[PDB]
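Residue numbers (my numbering), protein chains in the order written: chain F, 1 to 116; chain V, 1 to 211; chain C, 1 to 119; chain B, 1 to 54; chain S, 1 to 122.
We put the CB at the ideal spot given by N, CA and C, even for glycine.
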Amino acid sequence: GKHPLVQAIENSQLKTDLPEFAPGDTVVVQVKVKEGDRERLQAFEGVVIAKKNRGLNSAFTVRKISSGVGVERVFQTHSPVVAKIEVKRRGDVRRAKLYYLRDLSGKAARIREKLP
Amino acid sequence: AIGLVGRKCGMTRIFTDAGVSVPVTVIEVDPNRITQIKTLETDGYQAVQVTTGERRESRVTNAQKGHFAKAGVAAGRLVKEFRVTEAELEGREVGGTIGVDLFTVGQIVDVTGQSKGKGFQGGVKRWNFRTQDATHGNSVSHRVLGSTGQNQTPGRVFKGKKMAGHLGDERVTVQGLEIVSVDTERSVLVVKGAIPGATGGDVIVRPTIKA
Amino acid sequence: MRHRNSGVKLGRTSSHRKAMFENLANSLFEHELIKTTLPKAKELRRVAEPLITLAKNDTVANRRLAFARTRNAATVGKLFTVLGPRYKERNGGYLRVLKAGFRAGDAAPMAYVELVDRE
Amino acid sequence: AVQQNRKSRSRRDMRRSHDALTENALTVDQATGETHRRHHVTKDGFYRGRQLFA
Amino acid sequence: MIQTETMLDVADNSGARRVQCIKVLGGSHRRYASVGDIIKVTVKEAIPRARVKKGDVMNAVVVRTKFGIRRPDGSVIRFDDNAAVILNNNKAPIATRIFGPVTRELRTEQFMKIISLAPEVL
RNA sequence: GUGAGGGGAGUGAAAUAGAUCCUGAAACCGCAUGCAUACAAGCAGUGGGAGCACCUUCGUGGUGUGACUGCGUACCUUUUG
RNA sequence: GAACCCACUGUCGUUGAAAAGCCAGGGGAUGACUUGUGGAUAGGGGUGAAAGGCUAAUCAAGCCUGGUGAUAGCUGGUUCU
RNA sequence: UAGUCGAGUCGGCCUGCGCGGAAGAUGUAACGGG
RNA sequence: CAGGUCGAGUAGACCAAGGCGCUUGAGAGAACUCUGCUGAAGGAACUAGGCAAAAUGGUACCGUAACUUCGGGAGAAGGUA
RNA sequence: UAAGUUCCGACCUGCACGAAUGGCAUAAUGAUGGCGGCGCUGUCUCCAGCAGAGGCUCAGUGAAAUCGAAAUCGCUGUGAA
RNA sequence: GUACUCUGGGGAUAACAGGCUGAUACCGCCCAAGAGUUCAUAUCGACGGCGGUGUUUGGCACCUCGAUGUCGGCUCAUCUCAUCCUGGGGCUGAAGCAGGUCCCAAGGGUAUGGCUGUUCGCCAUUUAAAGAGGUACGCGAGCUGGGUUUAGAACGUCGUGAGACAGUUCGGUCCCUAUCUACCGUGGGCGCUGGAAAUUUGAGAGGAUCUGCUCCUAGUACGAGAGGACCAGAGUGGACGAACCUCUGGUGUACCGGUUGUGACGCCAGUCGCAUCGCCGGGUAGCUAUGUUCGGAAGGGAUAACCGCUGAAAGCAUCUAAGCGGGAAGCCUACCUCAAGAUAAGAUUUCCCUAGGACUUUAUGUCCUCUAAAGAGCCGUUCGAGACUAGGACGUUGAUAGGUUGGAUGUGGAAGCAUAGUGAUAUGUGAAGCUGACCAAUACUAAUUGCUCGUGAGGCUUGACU
């Protein structure tokens with residue numbers, strides 16, 4: 001979608017409040033859930049492992065451990081469902097994608113913090 | 001019915017307020033200029049001929065130059081006909097223009113185009129034939145057709161038998177597509193789903209025949 | 001299918017093709033006029049011209065990159081002393097490819113490759 | 001697999017009916033007036049009012 | 001993406017530990033089952049003295065898959081394991097405790113008890 | 001191409017008697033002239049038969065070609081066939 | 001476990017690179033081991049840890065010449081009016 | 001059993017020609033065709 | 001006969017002295033065939049048969065069952081650097 | 001094993017075992033026959049992409065088996081069937 | 001005795017397949033002891049009789065022995081209806097639900113595995129259903145070779161023996177570059193009443209026709225209760241098919257990085273070659289499914305079984321002889337695609353050509369001079385089009401391709417210098433450096449000067465109007 005008309009159509013929908021985050025960081029995502037006629041916000045906390053920067057087609061992957069079971073979710077950055085993104089920790093890694101974390105246990109899966 | 005000729009620009013997505021992601025295709029439309037009306041008296045059938053786009057003079061033959069001059073319109077890259085009825089023939093005269101306003105948001109339409117060319121292709125891709133075993137003694141017969149007929153009776157191969165050949169690059173129509181947006185200022189139609197052909201191909205949009 | 005693909009094969013392994021094109025670029029930079037096969041000449045532009053663009057600016061990093069690409073000290077020196085300054089104000093198009101008939105041994109089409117301002 | 005009958009000379013000629021050759025595109029280059037192959041340098045190194053050699 | 005010969009872990013306290021899918025129900029030539037679909041399984045490993053014995057043939061519902069499930073916004077949710085929950089002959093859960101997370105595609109009158117007993121829903 | 005191969009000149013009664021050289025058949029393969037041939041289904045001929053080209057003692061003629069049409073499933077051997 | 005000697009599986013080749021092979025795997029590898037040069041055993045005979053195996057791309061009786069133009073109640077062929 | 005109805009009609013045998021019984025795979029294909 | 005680095009090694013990768021690019025080529029980059037690499041989820045559901053492919057693989061230390069003809073099994077299995 | 005004509009253990013009416021043309025058993029050994037398991041995987045659900053070599057086009061050289069002769073279609077029927 | 005075999009012959013003579021026949025087999029019909037019902041030709045059905053077919057076992061030896069070369073599996077199929085599911089009906093020991101029997105209907109659909117070489121068969125678990133049959137018991141110049149049928153070897157049995165089997169067991173070579181017909185794709189030639197560019201009508205052809213479940217009518221009709229509708233409406237699934245790459249992934253040997261051994265660039269630093277792309281971690285375009293979207297609608301006409309209206313023959317009765325109606329996933333249309341070689345060669349819009357002289361065979365006749373238009377090709381730069389072709393764009397009055405510039409994307413902190421640290425190394429300059437196919441702009445490079453083909457107003461007859 002690199003043609004100017006497509007770029008205009010996509011630019012019409014871009015968000016304007018996204019915070020800055022990078023793969024190594026730990027983030028909290030607020031997800032809107034509508035049950036019946038009631039709408040609420042649910043938190044999803046985990047470590048980012050992959051980030052695709054493609055304008056309106058941008059996304060990021062978050063991995064967490066829920067009661068001993070690993071869960072990964074790919075969030076579409078500009079989707080209305082994603083209400084808020086909060087960066088709680090900033091890590092120090094050497095590669096863009098951290099798929100190797102899938103095979104590492106709790107203690108071995110530690111990510112060092114980036115210091116100013 | 002009265003339709004529109006346009007160009008396929010590409011695919012993208014639309015986010016609804018509820019958060020749903022709708023895949024869409026964008027069609028650039030240069031308003032179509034009417035060049036001729038065919039009627040029962042002179043041609044034997046009722047139709048409207050339109051042209052769109054532009055063409056440099058050196059690429060326009062003298063006969064087409066005279067045709068467009070009689071029409072009173074500038075030459076276009078292509079010329080196409082729409083079969084119509086008396087009711088929709090009203091208000092349409094040579095030299096007029098048809099634009100994106102012909103359609104409305106929520107309408108169901110059909111889209112016609114030219115599919116991508118795959119060249120020479122075999123049964124596996126052309127006809128979804130099942131392959132034979134890769135191991136257990138198979139010599140050279142992994143993707144071959146196999147048996148093609150019966151024995152001395154009838155002693156031939158019937159017409160219509162499926163075999164390897166050219167695939168794609170043909171006219172294809174897709175029905176039941178929903179108009180998602182009609183941008184008059186940009187002269188663009190946004191339609192849910194996929195439409196045939198490659199980016200930059202010519203496409204035709206008509207009201208859905210099935211109601 | 002090869003929809004929207006770029007590059008050539010010429011019946012060689014990838015490393016062999018890279019080495020052959022580097023040799024052709026070195027010969028062109030040395031002589032300023034060569035005769036070869038037409039497809040090879042057409043492919044030679046995408047390899048030879050970026051080197052001149054790189055040599056347009058003289059720095060240690062640029063010279064080391066040119067040495068990595070060519071492996072020829074004489075070619076690097078000429079690129080950074082003569083050809084770069086000559087084409088400093090030219091927006092691409094440093095080469096000329098001219099069809100020159102067919103070759104007796106195998107009837108293969110041939111072309112001349114020349115630098116724009118040879119003399 | 002092989003023929004059950006020998007083919008006729010008439011059928012052989014009918015198959016060869018598509019074997020005729022064609023002429024190339026030859027033109028006169030204004031610079032020297034010598035006949036040359038269109039869009040190609042002349043045998044003496046002339047093209048579009050430029051001489052490659054010395 | 002579960003098919004015949006696929007092994008699954010047990011996310012309930014029925015007594016079974018590992019099960020093997022032997023059939024995908026719901027149609028002729030049906031190939032795969034996802035979250036919410038009913039499968040036929042056999043018990044391979046069962047904790048001693050539990051209600052379910054080894055070699056028993058029962059019904060079960062898939063609750064977690066590694067292939068993952070898509071959501072309307074275009075996101076995908078994946079898990080680290082393939083897990084199901086056993087059912088009786090009326091297709092109702094037969095366990096009192098649910099282990100591990102579950103998803104919202106089970107929010108039906110048939111599996112509301114799984115939804116209630118699950119610790120986390122996402 | 002100081003090649004092979006030819007063309008002229010010359011010898012000879014004779015050079016398509018010019019040296020894989022007396023005569024030079026057939027299978028097979030070229031060039032030129034005349035007629036027929038791209039809407040029609042099969043052992044390819046046979047009995048009829050319009051038109052065309054050439055030669056004509058111009059004839060109820062001769063030499064080539066054969067639109068259209070009736071009939072018509074090779075030869076030998078071995079066999080009840 | 002290399003060299004050297006073998007030939008258990010699979011692919012390719014089957015008018016082959018090859019009238020017995022190539023490639024990837026496989027077995028023995030101080031012994032009843034492998035191998036060079038020169039010798040002995042000859043056809044109803046030789047040799048054989050034995051398969052009727054080998055005895056010059058030929059083996060339930062090698063090859064060459066002679067009897068010899070063997071015999072064949074069998075198959076084919078048999079020329080002008 | 002009556003009768004307001006007004007002339008044919010009820011049931012059989014021997015014979016001519018017709019009807020049902022009658023479903024298969026390549027394409028009408030059980031008058032050579034029209 | 002046979003060198004250098006690593007290496008137990010005449011195994012193996014890259015080099016020295018030395019030798020060579022192997023007597024048809026140029027393009028294109030369809031189906032199909034041969035060779036090779038990677039592959040989502042499943043993991044023998046394939047098939048006569050796990051054929052083929054995949055997989056294991058070194059050094060040092062720990063530890064190693066039934067059964068044994070007391071030699072073995074045994075590098076059993078398995079684990080650490 | 002969910003499902004076992006194969007396999008293991010047991011029964012004995014042995015159609016038609018049986019003691020140096022040897023009987024029962026046996027540790028080690030076997031590119032030996034049969035059954036099961038872990039790991040592993042494109043064997044498979046079901047195939048997709050990519051790399052090399054052919055295939056295809058151009059230039060040079062230039063085979064094969066077969067072959068009564070051919071102006072060498074479908075259906076139904078008939079016919080050395 | 002020969003399975004260690006060999007030569008001359010035969011389709012004069014067997015095994016496979018075809019042919020004739022139909023005893024046998026299958027299917028159908030005629031009659032009506034009897035059973036159910038202790039009450040019905042509802043359903044079975046004794047003995048006996050008459051037919052159809054060519055699917056079984058057989059009979060005969062007509063075709064092939066100077067060869068028609070094989071059981072099952074795989075791949076791919078075409079047809080029949082004696083119909084497994086889905087569709088429409090009559091009768092019924094048909095309250096409902098459901099079932100039994102019979103009539104019509106061939107459009108579509110019609111499992112995965114365990115054991116066995118098996119076709120079969122038993123079994124587990126599904127589905128609306130897991131139908132029967134013909135096509136050389138379809139298909140081996142398309143694949144396999146497990147069984148069966150050579151040569152080795154062993155057990156049981158027979159024989160004195162060589163050896164053999166109403167047996168068993170381990171092992172054991174599958175050739176062919178396609179001339180013709182046929183079929184799937186794709187071009188060349190001529191023709192279509194002067195020539196050319198473009199848009200088109202539709203005689204006809206092909207493709208597609210599947211189905212589960214939930215709710216609603218409704219606990220309604222019905223029915224001691226239990227149980228539970230016809231009809232009608234909405235939604236959501238399975239399988240199949242098409243298109244597509246926005247999303248999720250795979251690949252991505254011309255993109256980035258980490259790292260081992262070795263060689264080299266005079267040395268350090270920095271790089272490059274080889275080792276499967278040396279190995280390892282990511283990954284842009286393109287292609288692609290397991291990803292996304294869409295479809296099988298609804299209608300109309302005729303009609304099968306069946307149900308009728310009115311109506312005589314035959315005063316009544318009667319769906320019929322007059323007249324007239326309803327009626328199915330079946331047929332013709334309808335939806336998608338192809339289609340004037342439809343030699344019947346169709347239609348519409350616009351465009352191009354209107355010179356002279358000589359001759360006889362007196363004609364859409366020849367020869368010379370002059371003139372060649374509208375267009376179409378050759379050639380070049382190319383493509384999301386492609387085997388070659390064909391098809392689309394562009395050729396200086398240009399953005400057709402390459403390059404250049406600027407974005408974007410991927411990788412993740414270039415080299416040099418400085419600082420800290422004894423050193424491995426770390427930090428700053430700085431999210432830097434590099435970046436195939438993508439987007440926009442740009443004439444720097446290439447698409448030059450050009451050539452060939454295609455002509456000069458389009459015969460005759462009749463009629464209508466000019």
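Can you tell me the Cβ-Cβ gap for residue i and residue j, rounded? I've got them flagged as a contact below 8 Å.
i: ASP202/V; j: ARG7/V; result: 6 Å
i: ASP92/F; j: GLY24/F; result: 6 Å
i: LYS88/F; j: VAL27/F; result: 7 Å
Label residue i either buried or exposed according to how many other C-beta atoms from any shown protein chain fall within 10 Å of its C-beta, with 16 as the threshold for buried.
i: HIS3/C; result: exposed
i: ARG33/V; result: buried
i: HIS142/V; result: exposed
i: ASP106/C; result: exposed
i: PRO101/S; result: buried
i: residue 120/F; result: The first residue shown for chain F is 1 and the last is 116, placing residue 120/F beyond what the model contains.
i: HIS40/B; result: buried
i: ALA33/S; result: buried
i: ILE77/S; result: buried
i: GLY84/C; result: buried
i: residue 119/F; result: Since the first residue of chain F shown is 1 and the last is 116, residue 119/F is not available in this structure.
Which bits of chain V does residue i rub up against, with CB to CB less than 8 Å?
i: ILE85/F; result: Within 8 Å Cβ-Cβ: nothing; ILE85/F doesn't reach chain V, min ~15 Å.
i: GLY1/F; result: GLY10, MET11 and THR12
i: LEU56/F; result: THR12 and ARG13
Can you pull the chain F residues whose beta carbon is under 8 Å from the beta carbon of residue i, in chain order?
i: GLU28/V; result: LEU5
i: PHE15/V; result: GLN13, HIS78, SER79 and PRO80
i: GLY100/S; result: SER66, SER67, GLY68 and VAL69
Which bits of chain V does residue i rub up against, with CB to CB less than 7 Å?
i: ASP73/S; result: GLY19, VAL20 and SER21
Whose Cβ in chain S lies nearer than 7 Å to the Cβ of residue i?
i: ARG73/F; result: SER75 and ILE77
Along chain C, in chain order, which residues have C-beta atoms closer than 9 Å to that of residue i?
i: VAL28/B; result: Here the premise fails: no neighbours, minimum Cβ distance about 17 Å.
Starting from the beta carbon of residue i, find every residue of chain F whose beta carbon is closer than 9 Å, and list them in chain order.
i: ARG186/V; result: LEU5, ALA8 and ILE9
i: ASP81/S; result: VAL69 and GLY70
List, in chain order, every chain B residue whose beta-carbon is nearer than 8 Å to that of residue i.
i: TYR112/C; result: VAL41 and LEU52
* How about the stretch 120-127 of chain V and the stretch 160-170 of chain V: do they share at least three Cβ pairs that are nearer than 8 Å? -> yes
* Would you say the stretch 101-113 of chain V touches the stretch 174-189 of chain V, given that touching needs at least three Cβ pairs under 8 Å? -> yes
* Hey, is the stretch 30-49 of chain C in contact with the stretch 9-22 of chain C, meaning 3+ C-beta pairs nearer than 8 Å? -> yes
* Could I get the ranges of all uninterrupted beta strand (DSSP E) runs contained in the stretch 34-77 of chain V, with 3 residues as the minimum, in chain order? => 47-52
* Would you be able to state if there are at least three C-beta pairs under 8 Å between the stretch 95-109 of chain F and the stretch 47-54 of chain F? => yes
* To do: Determine, using beta-carbon pairs with one atom in the stretch 136-153 of chain V and one in the stretch 85-94 of chain V, whether at least three such pairs fall under 8 Å.
  => no
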